[PDB]
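As structure tokens, the structure follows; a few thoughts come after it.
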Amino acid sequence: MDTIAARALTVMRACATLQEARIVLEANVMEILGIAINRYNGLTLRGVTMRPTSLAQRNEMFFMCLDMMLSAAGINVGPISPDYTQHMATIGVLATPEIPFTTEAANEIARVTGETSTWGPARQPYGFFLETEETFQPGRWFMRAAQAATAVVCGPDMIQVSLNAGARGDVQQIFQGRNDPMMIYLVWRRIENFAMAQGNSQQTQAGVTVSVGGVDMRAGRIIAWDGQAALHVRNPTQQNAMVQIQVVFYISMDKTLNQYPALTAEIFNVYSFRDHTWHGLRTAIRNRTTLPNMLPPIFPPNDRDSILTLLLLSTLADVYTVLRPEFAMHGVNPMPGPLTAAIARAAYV
Amino acid sequence: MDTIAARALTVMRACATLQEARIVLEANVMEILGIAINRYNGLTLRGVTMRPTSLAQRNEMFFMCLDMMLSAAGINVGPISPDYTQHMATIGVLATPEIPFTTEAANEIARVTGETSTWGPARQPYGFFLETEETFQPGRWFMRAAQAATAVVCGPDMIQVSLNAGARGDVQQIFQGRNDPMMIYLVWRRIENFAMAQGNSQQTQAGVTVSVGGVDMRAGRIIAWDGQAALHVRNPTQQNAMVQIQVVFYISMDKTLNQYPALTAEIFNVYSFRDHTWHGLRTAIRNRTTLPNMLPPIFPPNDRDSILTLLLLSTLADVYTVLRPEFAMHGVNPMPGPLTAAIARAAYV
Amino acid sequence: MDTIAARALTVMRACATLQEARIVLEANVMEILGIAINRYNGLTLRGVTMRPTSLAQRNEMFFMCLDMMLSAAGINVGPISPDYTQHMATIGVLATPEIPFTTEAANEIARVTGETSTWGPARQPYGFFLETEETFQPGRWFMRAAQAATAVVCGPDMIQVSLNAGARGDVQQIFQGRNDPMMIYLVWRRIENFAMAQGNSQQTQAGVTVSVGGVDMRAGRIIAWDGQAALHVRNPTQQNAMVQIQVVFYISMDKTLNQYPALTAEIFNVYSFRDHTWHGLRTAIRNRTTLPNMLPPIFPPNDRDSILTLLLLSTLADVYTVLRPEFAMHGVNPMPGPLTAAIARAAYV
Amino acid sequence: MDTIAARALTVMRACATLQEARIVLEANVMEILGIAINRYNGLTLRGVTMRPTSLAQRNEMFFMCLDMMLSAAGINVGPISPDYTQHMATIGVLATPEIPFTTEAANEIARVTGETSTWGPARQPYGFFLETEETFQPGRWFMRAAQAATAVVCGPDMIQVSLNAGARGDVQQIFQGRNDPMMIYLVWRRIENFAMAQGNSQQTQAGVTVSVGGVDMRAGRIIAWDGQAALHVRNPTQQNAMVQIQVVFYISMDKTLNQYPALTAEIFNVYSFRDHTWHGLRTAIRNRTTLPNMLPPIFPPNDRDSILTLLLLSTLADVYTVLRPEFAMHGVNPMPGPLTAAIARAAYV
Amino acid sequence: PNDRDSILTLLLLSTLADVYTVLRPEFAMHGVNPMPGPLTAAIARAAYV
Amino acid sequence: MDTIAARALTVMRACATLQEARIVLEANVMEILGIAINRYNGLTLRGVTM
Amino acid sequence: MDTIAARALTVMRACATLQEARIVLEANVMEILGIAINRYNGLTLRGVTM
Amino acid sequence: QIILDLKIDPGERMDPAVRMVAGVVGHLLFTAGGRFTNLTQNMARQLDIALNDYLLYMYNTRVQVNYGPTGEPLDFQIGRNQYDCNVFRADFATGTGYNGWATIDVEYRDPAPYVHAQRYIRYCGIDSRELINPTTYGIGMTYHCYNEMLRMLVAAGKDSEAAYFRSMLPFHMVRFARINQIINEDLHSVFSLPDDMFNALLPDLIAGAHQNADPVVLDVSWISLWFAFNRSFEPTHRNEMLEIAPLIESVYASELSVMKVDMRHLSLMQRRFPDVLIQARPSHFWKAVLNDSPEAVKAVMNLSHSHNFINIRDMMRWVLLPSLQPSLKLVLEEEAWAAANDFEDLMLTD
Amino acid sequence: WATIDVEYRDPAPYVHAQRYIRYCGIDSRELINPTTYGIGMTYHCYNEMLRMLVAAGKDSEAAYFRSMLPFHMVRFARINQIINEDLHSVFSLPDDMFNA
């Protein structure tokens, strides 16, 4: 199954090599396309040439890459063009052991299937306290009735504790319950000049401390916090104190954009316009998937099929560029050949 | 691709034909297996016998069906057993146009792909107002302030309207917003004896009329409501009246357990225990899928892949039964003591 | 006549086998279609190929399936398409003895003609007291003037008897006169806490007994009742009591959805959309029958012609899926797009 | 043993193909019946012809199907007819390995013996609280002495908890002890308007919370509850609150009507009338079994012999339909007048 | 990191990881007790000391 | 030294190409695994197969 | 035009393969460089070794 | 493996006696059996027809001839009891008319030498494991197909002709019992075909689709059919190669693997030393292997290579196939190659 | 019939003709080093020819052509080599006139 995708990928990446037609080829390439196109026309009965020149010859090849790209992603787009017709037989071609697939492609697949099937610690994208409803003003005093120490959020990655002269207390609960972090990197600083409930300026004195699991930590230094340990803040000073603890970043087993090498740019390539014919195509394809047909998912996928598909498409995209195919698509209307940033804007619904 | 799955199915169904050692086979089988087995061992190099008698020969054949089953689905189980290893090449064997499939299996797939690709109207399994947060006592008066007519829920498939003497009004808005019905089947009645705001018994005088889109409707008769027409209730009676409207059943496009013939029976056959070896197998297999590994899906699936997988696994289950395969599996510790309902119960997490 | 219907089904199911162009067919299939198409083209004068490839060859075959599907169900659709014209000679082909039929098809028709020509006991779908006009609040005291015992409906499958201290009496009459049950399964409970005519809570003391045809039955156990025997309720207790008798389910000789194996799915299949060309074709065919042209019959049909039709259409629907025919239909303006859940919804009037 | 059963089944379904006299048979069938009959007439000395025409030839064939049907089910009906003498040696014929069986027949028996020998999770047909002796008024307040929270049943699938202002407590025990559930699917709502101990209307304020095993759950959402976790309800509101919890459906390892594909439809086909000759024959057969002789089992069977029997009869039934047998049966008197829904109604004791 | 050996090690290990995946080896390790049951985000979480 | 690494890398990446029993490995891969394994088993006395 | 860049790229990437002698050139590479270097020397008249 | 293909063409094909006779003979001499085939589809069709004519020949007092819906030869049931001769048609996938039919011939006595899927063909159920007579053994022996042949033979026509068939049973059972011992017992060597292929012959023949496993075309005389039915086979004396055979088998086997091995190493020589073999092409390296290896072995291969054609690709596959029969020669060469990887050890340095 | 036999490719040393003929799409290369096995060499037409010979008349002859096939293609591969390699001179003839 993975092997099929690697093969399909190889073939596309290979056709991608055909900018011109006169050129001499890297023998390695010829061998591929030779076996490929041979078996392809054999079962597909189409007329794809290893050496294209016309246009219909170019389209014909692109259609092949499309056929494969789809069979690999396990997609069936149906009637989306009067010119193109997807041959399910394409799968039978890619299943032929005779067809090779670059070492590169094999490792490419292996990596995807690899991480996709397991988890791993990744630097999360946005601030810790992002999904919060209530937020407070930064540098302002606030003491919840009956308490001596009042920890409270005041940013997407910020909190601030309000201590009374001589007060102490754990704070961990303000973080817990949210996400499922494995480690939270903190860095606390003394709010040297904060506002009091009334509006007056107040100073925090040097001596306030913060200890994790019992051990005393410095101010302004990063701190690996397991999220379970005792996040204790003490105020031995004879005055009101206010400090700020910062979740500079954390790590969880949630898939990020760095799950697979430069996935970002790949996605960009897929979601890029090129032209109406492409746009509509790419869209029409993604409609069979769990992916947003024309706008970068806010949340990076996590299943083999998604990632895999993206890659196939990203490649098929370049293949599109080099071959410069020209064909009709139901519901698509090609506005000539100038193309401006504006027209591209209008294409995105 | 469908052809592929059809073949895989045909083979497993053909393997289940092997019940005894010296029995003669149906002409049909010796034509299928003869080819299949040869082509399989041709790319697999395994020793599959047409008439397995030992155990190692039986395990081998089962591993074959397993390979074809997984392949036909597009599953890469990974390291799940020390005795079994998955050959991705099995896909190539199933793509061989030379291996025939049954008419039965042909139509079987055609149905899945056919329905799973489009939508259709179907009787929903649960009550209309099942997803409601608030419910009122059935047969009790309730008039929202300033209103002459007050419609309210009282159950999963029950609503009751409180009308004042000589009052009238529309009720449709209590039904809308929920789901996306195509046709709701109603049957209204009169609450002859209901409790008042204080607790005293009250009577609903005959004469109250419920009209849909204008035309007047009888009580105790099923009504084809389009969900958009005006559901108007009138109380020309000189007393307080309360009438209940029942959603006997409604139809929508969401797939049900009747999208494919006896889908349920199969699902049961798959989720069934048999023994620890099968249990763990079936589980590990679904771990790669979106389907729950050991407890039936709350909501019936809707994609070809899922439906297919189930049918395949169900068939592979029967194959498991007839072959009596014995082999290791990671995390599976077999208990030989005659297997009982009690032991089976425990295995499900 | 039955022989005719089976042949038509055999042929259709056979045409479904043609998923690809170069695939190897079951010797059985070739033998059949070889005779079928040879004789059809003789009395119809059309050009159907065993191995269609173009589109016109595909339509020609589908048209043949349609001609047979109709001849078998005994329908005359008339002028519904400019491309298609129904040949009445098709019935003569389905009667030609030299055209065999499968064992599966024979056993399929024998089942339809079988249960359709006679009756049988089946669990009815809806509640017993569904076709009632008046309903009372569940758990409320209600004593009809001059009676010591008063049974009254309070649900679609519920009734509640109100007994006075030391009162006894028969109840069987509230059930009688409705439907035509052969056995009504019951389960009675003691309403331990009910509301009085005024609103105060009243307890039902243990001792209240219910006896069927003489013998005393326990509370909370299912009771097979023949609907004729004496359903007697006694109250030797010195207080007001209230018990609820439930009709969990009942059996009658009325045909249900379980008259024919997975008839539900077969129906859903026919009532599904696919595309406009299908939608209209299926509708136009049903306009010749007693079946609703585009919405599931609330009541399961019970005549040979009805069921027979559903199956022929369910199968012809599958034949549609595989052949992917394309043709015009009067009044149908096909939207050549990919098709969405929305577009299908709109197609249903 | 299973082989013996599958062979019998195959033969019956094979005989079911004979709908006419001259019709050509699927070469597959000719092989089957050619062998079967030869070895039957040899070990029984009866004159069964492959191509029956008279009537006695048709009967003879049916008696054969019956003999096999019985031998396969392991039944000895005894002297139930003056024309038919059940020759027990039929088992010897069904054991002849030279006799082939269909792939369908194999997979069929493999399924029956498959699930019959093991357990599995089923949706369960009736309500959770169906077997309860007591029931309370739905929506009515009730507070058992000395408690602050009181759970109480109010329907076949309904319960309601009465909470005092500021009360809290576990509820799970009301579900336990009943049946043997693996997973109970819940959905709680707030009874916004309920009756007090006196009758006056009371309101349930928004703030009540129902938590499963510690985690807080929302109202109007289905919840997977294992039945062992803590079903704790809390009322932080300063008023009396009543909530209804619904068991939409639960799962247990108790066999349901979905153990074998379309088991229901098969059952119906057996319990049908056809004519008196059939009726009595079927009854007399079931008198030997643990299955009800003329009324659908209240509870679905769960043993091999049962299910097996049913199927053999269902098939034997269709065999009956096609062959049109006419014979005498002890204690049965045929009424030749056309047969109506009334005549059949009377035959069922 | 900022030293050759570091970066390098990572790359080689990364690759050796993919090799691990495809070859799916099965062997013992001093101090490691493999829990073969299906594997979830939970069991994974645990393993990180 | 860098070469040693580049070689080691190549070898592993080549071993990663084994997703199937398949045989008839692509020229390039076979050639590599061949040369490699031989020199390895020669100095390791272990028995690795292509 | 892009072809031109692809060539110039391939050439450079190929030259990078030439680490420090102890190398057995990837057959493929040899071929390419040779053709290029050859043509280059034929236009540069400079003495480039492979 | 070897089919009894088409039956030649000459105009002697008319001679109705010869033709009809062969039609009957053939339905008992050969297997259209659903387990494996003996004849061509063509050969059979002509047989069924020759048989069809012999039946509705009727030179004497008529019977009852109930013609069937399909004009197809043998769609007629011959009266009295009406034994429809549709069961004597040619259905390969079934066996239906011709020999075997409702019999088991492909059975498996598990342990047996070779493991070349130890199956056993016992013609018409003749589990011939013992020394035959044939004065005895050809007694109460049914064939079913033969038995039903005799019924149809009388229900239709001639007793005088069907009586000759009853009296023939012994002699016919011995020709077959004899065959079994020869096939099964005698020609059981590493040269007799493997089973997964054995089982694939029949279905691939039906399918029409073609793979390597090719049936041999032996064209036969129409009249020879009769002569064969009146000629049983008693083997006078076995081939002198039998006892020595197994040794010879091993010789060939080992020699082959030695070649494989050599090539495995020679192949990689190019990526190994490019500067030396730039002009090297695959053909080169094995032409050198073939050259330095035993000529007798090549000869054996050439039997099907000068007939079938092998591509360098087919050769590589074969080389890469892991299956080698070890001998002294084998292990030594294998180890020589090992030590010989240094190349400084070969005395040629860069 | 389903093949590309006129393959323009590579700049030609001559220039009248830049084309280079592939009868049955078999580049002489397949001789030097195979492309796809020895079993299947079949080009479309010869393949269809076989299918017809079977369906209609007989296999007996189709077998001859089946086994002959390689010999056939080899002959053609050599022919191609000779044409667009061994003998394209000035007198060769421009693609213009060829296509015309």
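Quick note, the sequences are listed as chains R, W, U, P, L, E, D, A and G, same order. Mapping to UniProt numbering: the first sequence position 213 is 213, numbers consecutive. Mapping to UniProt numbering: the second sequence position 93 is 93, numbers consecutive. Mapping to UniProt numbering: the third sequence position 91 is 91, numbers consecutive. Mapping to UniProt numbering: the fourth sequence position 49 is 49, numbers consecutive. Numbers given in UniProt numbering equal positions in the fifth sequence, counted from 1, plus 300. Mapping to UniProt numbering: the sixth sequence position 48 is 48, numbers consecutive. Mapping to UniProt numbering: the seventh sequence position 25 is 25, numbers consecutive. Numbers given in UniProt numbering equal positions in the eighth sequence, counted from 1, plus 351. Numbers given in UniProt numbering equal positions in the ninth sequence, counted from 1, plus 451. Yeah, the Cβ is synthetic: ideal placement off N, Cα and C, and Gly gets one too.
Straight-line gap, residue i to residue j (C-alpha atoms, nearest Å)
i	j	result
W/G114	W/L311	15 Å
P/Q124	P/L186	14 Å
W/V322	P/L70	24 Å
Per-residue DSSP class, three states only, for residue i
i	result
A/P420	coil
U/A219	coil
R/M294	coil
D/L45	coil
R/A122	strand
U/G169	strand
residue 355 of chain U	In the structure as shown, chain U begins at 1 and stops at 349. Residue 355 of chain U is therefore absent and cannot be evaluated.
U/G155	strand
W/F268	helix
Per-residue contacts from residue i into chain W (C-beta, under 8 Å)
i	result
P/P97	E20, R22, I23 and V24
Where residue i meets chain P, residues with beta-carbon distance less than 9 Å
i	result
U/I191	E134, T135, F136 and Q137
9 Å Cβ cut-off: residues of chain R touching residue i
i	result
W/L43	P97
D/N38	In chain order: nothing, as chain R lies at least about 13 Å away.
Residues that residue i contacts on chain R, provided the C-beta gap is smaller than 7 Å
i	result
E/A16	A106, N107 and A110
Beta-carbon neighbours of residue i, restricted to chain L and to distances below 7 Å
i	result
R/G207	Simply none; closest approach about 34 Å.
Interface partners of residue i on chain A, CB under 7 Å
i	result
U/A27	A444 and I557
Cross-chain neighbours of residue i in chain A, by beta carbon under 9 Å
i	result
G/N484	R632, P633, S634, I663 and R664
9 Å Cβ cut-off: residues of chain W touching residue i
i	result
L/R324	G78, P79 and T85
So, does the region 162 to 182 of chain U touch the region 237 to 246 of chain U, judging by three or more C-beta pairs under 8 Å?
yes
Assess contact between the region 82 to 102 of chain W and the region 17 to 26 of chain R, defined as three or more Cβ pairs (one per stretch) separated by less than 8 Å. Is contact present?
no
Are the region 194 to 206 of chain P and the region 252 to 260 of chain P touching by the rule of at least three beta carbon pairs closer than 8 Å?
no
Stretch-stretch touch, CB-based, cutoff 8 Å, three pairs: the region 40 to 49 of chain P with the region 60 to 79 of chain P:
yes
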